[PDB]
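Here the structure comes first, spelled out in structure tokens, and everything after it is commentary.
There are 2 protein chains.
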Amino acid sequence: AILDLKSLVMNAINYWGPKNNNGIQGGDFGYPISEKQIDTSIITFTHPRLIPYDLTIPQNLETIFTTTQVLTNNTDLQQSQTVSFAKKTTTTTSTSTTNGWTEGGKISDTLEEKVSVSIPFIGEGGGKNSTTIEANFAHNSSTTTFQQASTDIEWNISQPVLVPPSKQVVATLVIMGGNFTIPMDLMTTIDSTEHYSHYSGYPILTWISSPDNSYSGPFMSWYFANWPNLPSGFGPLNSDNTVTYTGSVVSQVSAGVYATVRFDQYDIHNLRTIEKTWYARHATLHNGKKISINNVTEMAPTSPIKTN
Amino acid sequence: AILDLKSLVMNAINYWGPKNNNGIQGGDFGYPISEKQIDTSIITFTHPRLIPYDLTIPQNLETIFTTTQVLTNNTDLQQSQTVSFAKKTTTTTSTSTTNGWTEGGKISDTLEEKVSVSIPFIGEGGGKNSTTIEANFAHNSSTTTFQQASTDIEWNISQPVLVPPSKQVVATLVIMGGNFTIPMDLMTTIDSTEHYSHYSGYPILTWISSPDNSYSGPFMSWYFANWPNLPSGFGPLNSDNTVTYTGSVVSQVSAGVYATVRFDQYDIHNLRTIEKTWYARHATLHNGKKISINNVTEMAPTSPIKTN
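Which chain is which? The protein sequence lines are A and A', in order. A prime marks a further copy of an entry chain. Residue numbers for the first sequence follow the entry's author numbering, beginning at 2 and rising by one. Residue numbers for the second sequence follow the entry's author numbering, beginning at 2 and rising by one.
Rendered as structure tokens:
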């Protein structure tokens, strides 16, 4: 859920109050306190670290783009022609918080960063492969509301094709992509714009004002970290006197994963019939790398004998 | 357990054999094959990555070292005397494999590296703290046998002490340490010293010799990665045609975590009775950092009022 830090601070203050006065020397804060004696706006959250869980179970892809180039040789000699595709697609991510935080119900500003994520995938023959994908992720620790982000990828596939005389070669670019749900831990460090240092530094999560408002006293992170019902997601006191909270996001990513080119040869005088179909030797991944076409089609690799 | 890769390769070869001859073109390998037709010694394991799980549940410490320095002022004036401790201790780790690998029962050579590990700990008042510890870890992917390593740490604690006339101040260094069980995933990449490339590169896990031994054929990682009973710990085929295996270690670490100094004041003419006990303002961590003494003793921090 979205934890309110103002409430928890108020719960901690009201727990320590009658027992040690929150370490404040003197004063009549009238416990329990009302949310007017308090201003938690001085609390800072470190910009969150996003830790993707690395997907392990291979997924099925489907065709998200197909296009064609036509190469013709109506000459007397074998020609060397290059097939060149350049296609921009857009990887899309939408992200909701499962376990987030705010301070006094506030809604913070959506942030956006690049995250490397593991993408295990199933080639067309059912072959199993492993790659990584870099994408833009938007997140908001303060709502469950989905935050969208987008990333532009260009697929550049170029290679030479050997076209015989009076043949037509048709090159078909196919882009395979899928839909992945990546859960990520979301990591933040609770600090403050103000400290009660003096012997060593302690973030002040809130000054506690007297009911008449004349004087005040500081509420230090020490009392928050050692509060016996501090929730499960808060870490212990760091060397810093800061406290780490670890929340959660669930992200959904929709990305092209790999591209192949298929060649189909025809004789220019009957274009109804394929003479010869073959694949480019390499499929191209989202991240630009080249892998063997056997990893993603129904052909197994193959070798002759070696007679020593 | 310790998986033998020679067996699994042999199981894969004997699975594919009758079906496609392991992609080898021609030849009568007599399936099933015996372990003489095969030499898996060409298989390489990438030097393992060790991924520590970050301990979350705070632990109790005990006193692993205590020593004293005695400061005396038998002069007429307040003196400024520095107390200086330099103590070498040794962090010890012992590590056994839960899920490891070898090739044909071989026992590889124990390796040793520095790993940063999370150490949550309970101060003397029951306060909860978070630090990190860098230690040497020895591991062997091929046995369950414990591998020990050791790391030398110096504790340097120096500060000035204010000693009144005709007082004795006794400074007591206390080092608190504990015993932590860190489980770690162990990560390796199966490659080969030999490749059947030719269209793209495939590690050869083993040449398969004819029964008469005249000729042979290569067994490529493709057949291993797509073998329907490949075990659960192997990842899919990487872009590299390598296969990632992820095993496990369980490590036990015994380390000092923090040091404090307590001062006890006496009058030099009765040394049976403490006048005044107080702490150095800071405890010192294993990694050299300084944290407030309140995080690790039974004293809560404290502030006066501020009258605006």
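We put the CB at the ideal spot given by N, CA and C, even for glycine.
- Distance check between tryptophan 208 of chain A and each of A:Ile43, A:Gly31, A:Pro33 and A:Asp29 places A:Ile43 closest, using alpha-carbon atoms only.
- For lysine 7 of chain A, the enclosing alpha helix (DSSP H) stretches over residues 6-21.
- Straight-line spacing of the CA atoms in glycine 234 of chain A' and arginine 50 of chain A' works out to 15 Å.
- Just measuring C-alpha positions, the residue of A':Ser217, A':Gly178, A':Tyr224 and A':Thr69 sitting nearest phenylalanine 86 of chain A' is A':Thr69.
- Look at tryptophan 223 of chain A': its C-beta is under 7 Å from a C-beta on chain A.
- Considering only A':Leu9, A':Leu4 and A':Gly24, the residue with the shortest C-alpha distance to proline 305 of chain A is A':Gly24.
- Contact annotation: in the segment 267-295 of chain A', residues whose CB is within less than 9 Å of a CB in chain A are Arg282, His283, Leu286, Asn288, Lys290, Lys291, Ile292, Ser293, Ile294 and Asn295.
- For a cut-off of 8 Å, the C-beta gap from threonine 243 of chain A to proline 204 of chain A is around 6 Å, short enough to register as a contact.
- For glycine 24 of chain A', the residues of chain A that pass the 8 Å Cβ criterion are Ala301, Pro302, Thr303 and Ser304, in the order they occur in the chain.
- Secondary structure note for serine 210 of chain A: its beta strand (DSSP E) is the uninterrupted segment 203-210.
- Identification of chain A residues near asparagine 137 of chain A' by a Cβ-Cβ cut-off of 9 Å yields none; the smallest Cβ-Cβ distance measures about 22 Å.
- About 4 Å separates the beta carbon of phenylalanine 66 of chain A from that of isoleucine 176 of chain A, a gap short enough to meet the 8 Å contact definition.
- According to the DSSP assignment, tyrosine 280 of chain A' belongs to no alpha helix (DSSP H) but to the beta strand (DSSP E) extending over 271-280.
- In the structure shown, the three-state DSSP call for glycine 24 of chain A is helix.
- The residue from A':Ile39, A':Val71 and A':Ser293 with its alpha-carbon nearest to that of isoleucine 269 of chain A' is A':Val71.
- Bridge partners of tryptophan 102 of chain A' according to DSSP: A':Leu4.
- Residue-level contact check: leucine 6 of chain A does not touch chain A', since none of the beta carbons of chain A' fall below 7 Å from its beta carbon.
- Our two residues, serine 240 of chain A' and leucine 9 of chain A, have alpha carbons roughly 49 Å apart in a direct line.
- The Cβ atoms of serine 151 of chain A and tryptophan 102 of chain A lie no closer than 7 Å to each other.
- Across the segment 209-237 of chain A', CB contacts with chain A closer than 8 Å involve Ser215, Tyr216, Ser217, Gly218, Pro219, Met221, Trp223, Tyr224, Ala226, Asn227, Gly236 and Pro237, in sequence order along the chain.
- According to DSSP, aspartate 186 of chain A shares a beta bridge with A:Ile52 and A:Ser249.
- Inclusion of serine 109 of chain A' and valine 251 of chain A' in the CB contact set at 7 Å is not warranted, their separation being larger than that value.
- Chain A places a beta carbon closer than 7 Å to that of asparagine 239 of chain A', counting this residue as a contact.
- Flagged as an interface residue toward chain A': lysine 129 of chain A, by a C-beta distance shorter than 7 Å.
- At a Cβ-Cβ threshold of 7 Å, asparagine 180 of chain A' and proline 237 of chain A do not count as neighbours.
- Contact check for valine 262 of chain A and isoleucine 123 of chain A: beta-carbon distance about 20 Å, past the 8 Å limit, so the pair fails to qualify.
- Nearest in C-alpha terms to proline 212 of chain A', of all of A':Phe225, A':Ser201 and A':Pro33, is A':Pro33.
- Between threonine 189 of chain A' and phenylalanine 46 of chain A', the gap from beta carbon to beta carbon is short of 7 Å.
- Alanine 172 of chain A counts as buried, since at least 16 other C-beta atoms from the protein chains shown sit within 10 angstroms of its C-beta.
- Counted as a single uninterrupted DSSP element, the alpha helix (DSSP H) harbouring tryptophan 223 of chain A' occupies residues 222-226.
- Residue state for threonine 132 of chain A is assigned as strand, using DSSP reduced to three classes.
- Less than 7 Å separates the beta-carbon of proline 166 of chain A from that of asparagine 74 of chain A.
- Interface criterion not met: the Cβ of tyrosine 246 of chain A' is under 7 Å from no Cβ in chain A.
- Collapsing the DSSP output to three states places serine 42 of chain A' in a helix.
- In the three-state scheme derived from DSSP, where H, G and I count as helix and E and B as strand, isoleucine 294 of chain A is classed as helix.
- Residue environment: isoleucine 294 of chain A is assigned as buried (16 or more neighbouring CB atoms within 10 Å of its CB, all protein chains considered).
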